[PDB]
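What follows is a short report on a single structure.
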Amino acid sequence: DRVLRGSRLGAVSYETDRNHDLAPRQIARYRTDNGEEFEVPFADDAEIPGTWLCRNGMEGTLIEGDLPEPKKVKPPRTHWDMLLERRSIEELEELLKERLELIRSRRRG
Amino acid sequence: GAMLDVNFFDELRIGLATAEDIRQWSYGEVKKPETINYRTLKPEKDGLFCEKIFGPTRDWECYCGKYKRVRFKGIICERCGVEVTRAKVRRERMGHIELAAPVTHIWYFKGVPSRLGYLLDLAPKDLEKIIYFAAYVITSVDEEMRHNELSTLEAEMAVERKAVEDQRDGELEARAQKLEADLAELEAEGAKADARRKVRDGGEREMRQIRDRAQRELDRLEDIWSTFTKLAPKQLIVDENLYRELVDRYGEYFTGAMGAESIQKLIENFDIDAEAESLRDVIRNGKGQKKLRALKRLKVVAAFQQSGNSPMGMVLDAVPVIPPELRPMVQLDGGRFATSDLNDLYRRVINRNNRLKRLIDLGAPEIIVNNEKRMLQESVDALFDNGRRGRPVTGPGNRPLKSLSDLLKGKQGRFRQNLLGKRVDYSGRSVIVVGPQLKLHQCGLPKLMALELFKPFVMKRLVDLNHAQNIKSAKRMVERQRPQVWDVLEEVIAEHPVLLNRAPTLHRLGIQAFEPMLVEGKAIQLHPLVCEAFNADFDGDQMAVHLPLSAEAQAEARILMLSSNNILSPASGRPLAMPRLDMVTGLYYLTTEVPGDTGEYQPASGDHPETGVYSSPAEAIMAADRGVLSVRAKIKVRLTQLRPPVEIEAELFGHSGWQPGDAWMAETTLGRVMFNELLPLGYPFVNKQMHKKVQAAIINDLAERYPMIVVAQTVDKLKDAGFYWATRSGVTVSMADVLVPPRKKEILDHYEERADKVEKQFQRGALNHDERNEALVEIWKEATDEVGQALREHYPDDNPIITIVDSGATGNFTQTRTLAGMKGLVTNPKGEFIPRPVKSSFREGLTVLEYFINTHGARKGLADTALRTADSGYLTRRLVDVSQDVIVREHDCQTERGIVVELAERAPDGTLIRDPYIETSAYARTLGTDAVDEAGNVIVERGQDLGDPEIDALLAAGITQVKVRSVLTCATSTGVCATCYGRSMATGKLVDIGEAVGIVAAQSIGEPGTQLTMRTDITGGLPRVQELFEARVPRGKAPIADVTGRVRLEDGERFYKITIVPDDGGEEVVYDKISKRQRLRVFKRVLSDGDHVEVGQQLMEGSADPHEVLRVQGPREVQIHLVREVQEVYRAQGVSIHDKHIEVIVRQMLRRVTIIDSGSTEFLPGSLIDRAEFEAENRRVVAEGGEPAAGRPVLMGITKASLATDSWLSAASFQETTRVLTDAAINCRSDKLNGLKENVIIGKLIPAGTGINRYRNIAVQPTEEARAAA
DNA sequence: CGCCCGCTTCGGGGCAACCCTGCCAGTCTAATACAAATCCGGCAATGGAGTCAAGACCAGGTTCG
DNA sequence: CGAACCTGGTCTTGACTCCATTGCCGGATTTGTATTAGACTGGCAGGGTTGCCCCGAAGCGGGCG
Ligand SMILES: [Mg+2]
Ligand SMILES: [Zn+2]
Ligand SMILES: [Zn+2]
């Protein structure tokens, strides 16, 4: 029916491809844990982030030793959490004693 | 090297990639199986289309939109993370996937021969059990710990089996006690004598099956002990239970894993050097199967040794992702999106990798994790090649998907579909019509098409004439077609050539360059004298108009590809501007002579004078317009502008009759005078009857002696005169003009009686079923011949059907025989003859059954025509890639070697009878030696073109054999010189120093196929030619001799037995398994016993294999054999091909030599290397201690010759792209781009014709004298 | 005694012309419950960006004494 | 020869309007995650017929430490 024609989801602009002056810009250095260095050109008036997902793909921090204490979140839910929220300590300790005397009565008779 | 790929190239070096190369190519790590947010239609973060990883979708805009101009470029937005740049980096930036478990690559595993298998010495049947998690593999073992805890653990084994026997004599003692209980309860009461011992048989059967239990588990323990003693790396422990027991009892002493990480561990623990030298030692000493497998592994082992390639890259750790625009998700108008079928495979890999990562993080049992790693392996295998191993991964509708390997393989890969043959702009097509008023270099062109071809030209020009304010009003003025655009269009067309393709382009003249001119209508008018080159009848054929643009392109079209500069063949040099068909008839009627016609010359006197003389052809034309002179009567004109023939010139003038003033009388017809006025002034008078062969000889002479423009104008004049007298010839077809032979019924009765007697003798049992068919076939062939003979003698000469044939215009005599007379024998669908046969002409009208018999042969012929074409075009496709590198480099090799030519063999009475096939085998060749005879003078010196007059001089002086050069023995390095190639058959002069004569050779060989029928078990047509060029072993193999002597002939059981009796002697060569279905070779008489055979005499009848005649009679005789054997086929179809084309191909066949001895330098035995490299290596290695590598010549077919080339790019683009690509990647075989398809591929300028630096770097300045005068 | 190798057969990948000409493929236990994120709708700090009115200000082309 | 003019802009000044642009701030919606207690325990299932060629794999008859 129609048509065929299609478009990539994005605009194609055309201006002057000038090279003589630009907006001036800095170069920051981020570092992964495993000794990898990466340089990222940020603009001048730009709040440079402390951590940055690098070209390698693992999370990389900045080479300046500030360490802004990101306060990493809790472990989500463990099997200990799903067990503890449906039982109690004296019951689990009772079962622990039962298996303890079970391996005892197995072993030495 | 260049990353943005400016056109500076010296190499193209493929190589097996490593993981540190892959995660250095990438700009990010794709880690989510998402493409586009469903609601905003923008790409996801860390997905398959992320603008952070792959670049922006919008020109100079980030993702959060905080930067939107060019002034922010090269920088990265500190919130969205998308580098602001141009939006064509999504064409080029790649990404990678960090896998959670290692995965083997599929090409180095699955494709036969397997490369992991040859590298590790593993079988593929058992390696598939490793990398698909079906069997364990031992990757390491401790030696000395096994060496002493072998004693300690066999002591422990003895303790264990003694405890087993403690259990076993517990069994013995317990059932002994229960068996004496069976005694004490069976023999202690009242019971039956057998029922008291059924419990005896019961407990004894219990002990039998119980000792079977103990015996089987002791056999299990014995098996596991034998396995731990004979444990070694590269071993496979199948049977899961045994491996688990073996590990948890002997958990030290060895490491052994399962899958691709274990293969990676084996590649880590693998000395290639000692392994390689062990293989060198095995080929130093071994034999048989071991030596062949040692060679086949030494190939890839030395391949990994020589280069700097670690073989660690055969397993894979990080998989890279093709850029987003190469797998684009484009939307159509209406939201129906279009993914590119790789996105689903990457989503499968990303899903399975993330699931593996969460399973390993969560802690999962071994079954689930190994299932997930097998799924990951199959996902990567489907990504690299879907459909390779197992079931192809389907999509919706059960359509197999298109992986990365399916983007290159076959006809629809990038190579054959988009690298070599492209849709082009500035183009158009239309249907064609005949243009008989055009000049030879002109052509028609419909103005409604030219106005769209030349639209930028006409746009510029009618801006320049102030008809438009600017370009946009000019474009709208074009699109509305305001009528002064046509007046501008004439000026932009004039002197600007166009090309005229016609698919299928069989040979070189399918593209020619014509000057266009404007034509009313919408059909391209083609000049009629290029129909023979284009193979273009006017049944509705269509031709494509191209348009050259640059000054170099217009000059190439104007000078090389023009119509009037390409008259002759490229193959045999006969003209293709020759006037054929209709025109020829016209000329025939114009130069034929009718005795007893109106107004002849009779010398009768006494009462009146002769009334035959005419003072001028002007007066003759006036007396022809009045009804006195016929055109075709014999008169005596007095000519003053035409050159008389050589005898009359030497008679009337002797030496220097110059014609524009002189006068001389001649008895000819008026038609021949009007005909000779077409030909130029220097050409002598002809005075014959213009048969088509006569016109061919005239145009060949006039093209060989005069310049080209004279030939073009003469051919145009012949076309005009031929049409104008073809109308007047009165050639019509009416059924009153198809006369039937009057004696036909008597002939049919006389052969009907013989058919009746053969049928009667079959009915009375005197002969079987086949011999009566053969007798009837021969009788009706005799009948067909007699009916055709009576038909031939019945017709007059001015019958138009026989006039068209005997002029030579078209049609053989058999078509007249089938119009009137007898159809004859009509073939079976299988190929035999139907014995009935058809006895009615097509004038009388056939009956029902006769027509139904004729349909068999008609449909068989038409389907055979279709399939052959496909095969002929495919043969041409193979030959072009074979001889793509035979281009003429030097002016002169300056050798002295060269072949001899048969050249008019000796008569038995003793004369020089001319050899009939001289024009294909002797002409257009340059002598290396001289012609001397009876200790006389030289006749033809060294290095002459050797045309017709010097061949006539040699046959006059009386020699038979000349030693002439050839492209077989041109001693230049890369392709032939010029003087070995001789005269270029297209120009008539010597070949240039830029020609691609391999392509011309390949096109002229596989061009005239199609029409190459077969015959009524030797293969005798196009499959015969194909098995010759493929260097196959033929079907009807007839073995040749090996040494002279008399023969040991014997007819064994149901087939033959032939042996050569030697003459020194030696060992008798015995030929046993020769079928009695064959025939013995006849010569001069049949092969009789005790007859003296040659060294390479052909024994039986059939086809000799070229390998055997290479091995017996060397390279020269197999060159003679191949050329003679192909040209035998092409002469059997009556097709003129000069031998130098076949010699170009055979010279490409006989390049390489084989290695039977390594010497001590670099050459694996059985490998095939080039001859020049072989000789240069021996020249290097005679110094530094002398040893020769021993070489023998090989004759290899053209597929293997094309695939074993030096450039991996051409061999990848030809055929078998996967295997060529993978072993080139192993060898790290760097291309040098020096060939001919490669520069076509990468778009730079090819090294042939106007591309080579002898012509591409010409400095062109104005001369100083005209500079000063300017 | 069990041990190994030369021909045979079975299987398996690759290829089989070329122009136009076409145009969009499938299916089921089902919901709550809550929280982070996102977004969007409406005033509310603006001050920057534009707009008009008015005039001061020249210093030169137009006319009277 | 000078007086007076009126008009080319040239530029500024001040007053007023409008309008984007964050900034809270609260409700709507949107997306992710978790949880449902009788028992339920190893797939559908389809195609596939050309012919020829080259090569590599498995096997069977042949002799042998
Ligand atoms: Mg046609
Ligand atoms: Zn952004
Ligand atoms: Zn040469």
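Every chain in the structure tokens takes a letter, A first, then B, and so on in the order presented; its residues are numbered from 1, and the ligands are numbered from 1 following the presented order.
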Exercise for review: Compile the contact shell of residue 23 in chain B as number ranges by chain: residues with an atom at most 10 Å away, counting only C-alpha atoms (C1' of nucleotides), same-chain residues fewer than 4 positions apart removed.
Suggested key: A: 55-57; B: 18-19, 27-29, 94-98, 317-320
Exercise for review: Identify all chain A residues at most 9 Å from chain C by counting only C-alpha atoms (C1' of nucleotides); ligands do not count. Present them as a PyMOL selection string.
Suggested key: chain A and resi 1-4
**Study point:** d(CA of residue 739 in chain B, CA of residue 692 in chain B) in Å
**Key:** 25.6 Å
Point to revise | Filtered DSSP result for chain A, state alpha helix (DSSP H), as a list in words | key: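 Here are the alpha helix (DSSP H) residues of chain A: residues 79, 80, 81, 82, 83, 84, 89, 90, 91, 92, 93, 94, 95, 96, 97, 98, 99, 100, 101, 102, 103, 104, 105, 106 and 107 of chain A.
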Can you write just those residues out, C-alpha atoms, as a compact mmCIF listing (two decimals), in the first residue's frame?
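out.txt was written with the following content:
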# COMPACT_ATOMS: atom_id res chain seq x y z
CA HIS A 79 17.81 -17.36 52.36
CA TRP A 80 18.54 -16.50 55.98
CA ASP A 81 16.01 -13.67 55.69
CA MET A 82 13.33 -15.90 54.16
CA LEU A 83 13.99 -18.46 56.87
CA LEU A 84 14.12 -16.11 59.85
CA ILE A 89 15.59 -18.89 67.04
CA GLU A 90 14.69 -21.45 69.69
CA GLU A 91 13.04 -23.69 67.08
CA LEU A 92 16.02 -23.50 64.74
CA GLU A 93 18.32 -24.10 67.71
CA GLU A 94 16.20 -27.10 68.71
CA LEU A 95 16.62 -28.54 65.21
CA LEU A 96 20.34 -27.75 65.39
CA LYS A 97 20.59 -29.78 68.59
CA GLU A 98 18.59 -32.57 66.97
CA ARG A 99 20.99 -32.85 64.05
CA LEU A 100 23.91 -32.46 66.48
CA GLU A 101 22.89 -35.41 68.62
CA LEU A 102 21.93 -37.23 65.41
CA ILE A 103 25.47 -37.07 64.01
CA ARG A 104 26.69 -37.79 67.57
CA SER A 105 24.58 -40.96 67.92
CA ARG A 106 25.64 -41.91 64.40
CA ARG A 107 29.33 -41.46 65.10
**Study point:** 8 Å contact set for range 740-746 of chain B, only C-alpha atoms (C1' of nucleotides), chain neighbours under 6 positions out, as a ChimeraX atom specification
**Key:** /B:787,790-791,794,820-821
Pull out every residue of chain B that has at least one atom within 7 Å of chain A, counting only C-alpha atoms, and report them as a short mmCIF file (atom, residue, chain, number, x, y, z; two decimals) with N, CA and C atoms, in the first residue's frame.
data_model
loop_
_atom_site.label_atom_id
_atom_site.label_comp_id
_atom_site.auth_asym_id
_atom_site.auth_seq_id
_atom_site.Cartn_x
_atom_site.Cartn_y
_atom_site.Cartn_z
N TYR B 27 33.59 0.14 22.28
CA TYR B 27 33.44 1.37 23.03
C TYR B 27 32.56 1.21 24.24
N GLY B 28 31.95 0.05 24.42
CA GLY B 28 31.16 -0.18 25.61
C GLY B 28 30.93 -1.66 25.81
N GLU B 29 30.10 -1.98 26.79
CA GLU B 29 29.74 -3.36 27.08
C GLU B 29 28.23 -3.45 27.13
N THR B 57 21.94 9.17 17.83
CA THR B 57 21.07 9.04 16.68
C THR B 57 20.79 10.37 16.01
N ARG B 58 21.19 11.48 16.62
CA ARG B 58 20.89 12.81 16.11
C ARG B 58 22.19 13.58 16.00
N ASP B 59 22.31 14.38 14.94
CA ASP B 59 23.55 15.08 14.65
C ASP B 59 23.82 16.14 15.70
N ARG B 71 29.50 23.40 18.39
CA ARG B 71 30.49 24.00 19.28
C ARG B 71 30.81 23.09 20.45
N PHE B 72 29.86 22.28 20.87
CA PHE B 72 30.12 21.17 21.78
C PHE B 72 30.34 19.95 20.89
N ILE B 75 33.21 16.13 23.13
CA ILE B 75 33.07 16.08 24.57
C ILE B 75 31.93 15.13 24.91
N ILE B 76 31.81 14.81 26.19
CA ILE B 76 30.80 13.87 26.66
C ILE B 76 29.95 14.56 27.71
N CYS B 77 28.64 14.53 27.52
CA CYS B 77 27.71 15.05 28.52
C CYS B 77 27.83 14.26 29.82
N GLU B 78 28.02 14.98 30.91
CA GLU B 78 28.32 14.36 32.20
C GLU B 78 27.10 13.76 32.88
N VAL B 330 14.48 -0.04 11.60
CA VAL B 330 13.84 1.06 10.90
C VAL B 330 12.34 0.87 11.01
N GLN B 331 11.61 1.97 11.17
CA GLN B 331 10.16 1.91 11.15
C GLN B 331 9.66 2.23 9.76
N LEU B 332 8.63 1.52 9.35
CA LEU B 332 7.92 1.87 8.14
C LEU B 332 6.87 2.92 8.47
N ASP B 333 6.26 3.47 7.43
CA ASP B 333 5.15 4.39 7.65
C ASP B 333 3.94 3.64 8.19
#
List every residue of chain D that has an atom at most 10 Å from any atom of chain B, and for each one report the closest atom pair and its distance in Å to one decimal, counting only C-alpha atoms (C1' of nucleotides), with rows sorted by chain and then by increasing residue number, as a tab-separated table.
residue	atom	partner	partner_atom	distance
D:53	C1'	B:1032	CA	9.8
D:55	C1'	B:112	CA	9.2
D:56	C1'	B:113	CA	7.8
D:57	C1'	B:125	CA	9.9
Suppose we keep N, CA, C and O atoms (P, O5', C5', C4', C3', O3' and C1' of nucleotides); can you now write the selection as a tab-separated table (two decimals), in the first residue's frame?
chain	number	residue	atom	x	y	z
D	53	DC	P	30.74	-36.06	-11.58
D	53	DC	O5'	31.44	-35.34	-10.35
D	53	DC	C5'	31.32	-33.95	-10.19
D	53	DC	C4'	32.30	-33.45	-9.15
D	53	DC	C3'	33.45	-34.40	-8.87
D	53	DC	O3'	34.65	-33.67	-8.77
D	53	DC	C1'	32.26	-33.96	-6.87
D	55	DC	P	39.94	-33.84	-3.14
D	55	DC	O5'	39.45	-34.20	-1.67
D	55	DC	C5'	38.76	-33.23	-0.91
D	55	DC	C4'	38.28	-33.81	0.40
D	55	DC	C3'	39.22	-34.82	1.05
D	55	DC	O3'	39.27	-34.60	2.44
D	55	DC	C1'	37.10	-35.75	0.84
D	56	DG	P	40.28	-35.44	3.36
D	56	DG	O5'	40.09	-34.82	4.81
D	56	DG	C5'	38.81	-34.39	5.22
D	56	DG	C4'	37.99	-35.54	5.77
D	56	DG	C3'	38.74	-36.56	6.63
D	56	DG	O3'	38.25	-36.49	7.97
D	56	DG	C1'	37.16	-37.59	5.19
D	57	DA	P	38.62	-37.62	9.05
D	57	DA	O5'	37.38	-38.62	8.99
D	57	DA	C5'	36.10	-38.19	9.45
D	57	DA	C4'	35.14	-39.37	9.60
D	57	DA	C3'	35.58	-40.45	10.57
D	57	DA	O3'	34.45	-40.94	11.26
D	57	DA	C1'	35.32	-41.38	8.42
Exercise for review: Once DSSP has gone over the backbone, tell me which residues of chain A are in strand (DSSP E or B), as a PyMOL selection string.
Suggested key: chain A and resi 6-7+25+28-31+37-40+43+51-53+59-62
**Study point:** Among the residues A:29, A:20, A:71, A:77, the one that comes closest to chain D [using only C-alpha atoms (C1' of nucleotides)]
**Key:**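 For chain D, the nearest of the candidates is A:77.
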Review point. Residues at most 10 Å from ligand 3, using only C-alpha atoms (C1' of nucleotides) and all ligand atoms? Could they come as number ranges by chain?
Key: B: 888, 890-898, 965-973, 975-982
Keeping only C-alpha atoms, write the selected residues to a file as a PDB file, in the first residue's frame.
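As written to disk, again-v2.pdb reads:
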ATOM      1  CA  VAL B 888      50.575  -8.012 -20.497  1.00  0.00           C
ATOM      2  CA  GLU B 890      56.588  -6.203 -20.577  1.00  0.00           C
ATOM      3  CA  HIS B 891      57.160  -5.532 -24.231  1.00  0.00           C
ATOM      4  CA  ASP B 892      59.376  -8.574 -24.638  1.00  0.00           C
ATOM      5  CA  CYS B 893      60.341 -11.534 -22.487  1.00  0.00           C
ATOM      6  CA  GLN B 894      63.282 -12.222 -24.855  1.00  0.00           C
ATOM      7  CA  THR B 895      63.247 -15.976 -24.490  1.00  0.00           C
ATOM      8  CA  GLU B 896      63.975 -18.432 -27.264  1.00  0.00           C
ATOM      9  CA  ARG B 897      61.685 -21.280 -26.236  1.00  0.00           C
ATOM     10  CA  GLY B 898      58.415 -21.815 -28.038  1.00  0.00           C
ATOM     11  CA  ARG B 965      56.425 -18.290 -29.573  1.00  0.00           C
ATOM     12  CA  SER B 966      53.439 -18.696 -27.305  1.00  0.00           C
ATOM     13  CA  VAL B 967      52.029 -17.595 -23.977  1.00  0.00           C
ATOM     14  CA  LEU B 968      52.946 -21.030 -22.674  1.00  0.00           C
ATOM     15  CA  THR B 969      56.668 -20.227 -22.641  1.00  0.00           C
ATOM     16  CA  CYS B 970      56.753 -16.492 -21.981  1.00  0.00           C
ATOM     17  CA  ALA B 971      59.447 -16.210 -19.340  1.00  0.00           C
ATOM     18  CA  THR B 972      58.170 -13.063 -17.642  1.00  0.00           C
ATOM     19  CA  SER B 973      57.341 -13.322 -13.967  1.00  0.00           C
ATOM     20  CA  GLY B 975      51.773 -12.585 -16.660  1.00  0.00           C
ATOM     21  CA  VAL B 976      52.823 -12.673 -20.253  1.00  0.00           C
ATOM     22  CA  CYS B 977      54.914 -10.313 -22.330  1.00  0.00           C
ATOM     23  CA  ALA B 978      53.573  -8.836 -25.539  1.00  0.00           C
ATOM     24  CA  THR B 979      55.456 -10.610 -28.305  1.00  0.00           C
ATOM     25  CA  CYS B 980      54.587 -14.015 -26.925  1.00  0.00           C
ATOM     26  CA  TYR B 981      50.917 -13.095 -27.138  1.00  0.00           C
ATOM     27  CA  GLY B 982      51.286 -11.985 -30.726  1.00  0.00           C
TER      28      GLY B 982
END
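In this model, the gap between CA of residue 865 in chain B and CA of residue 1010 in chain B comes to 6.6 Å.
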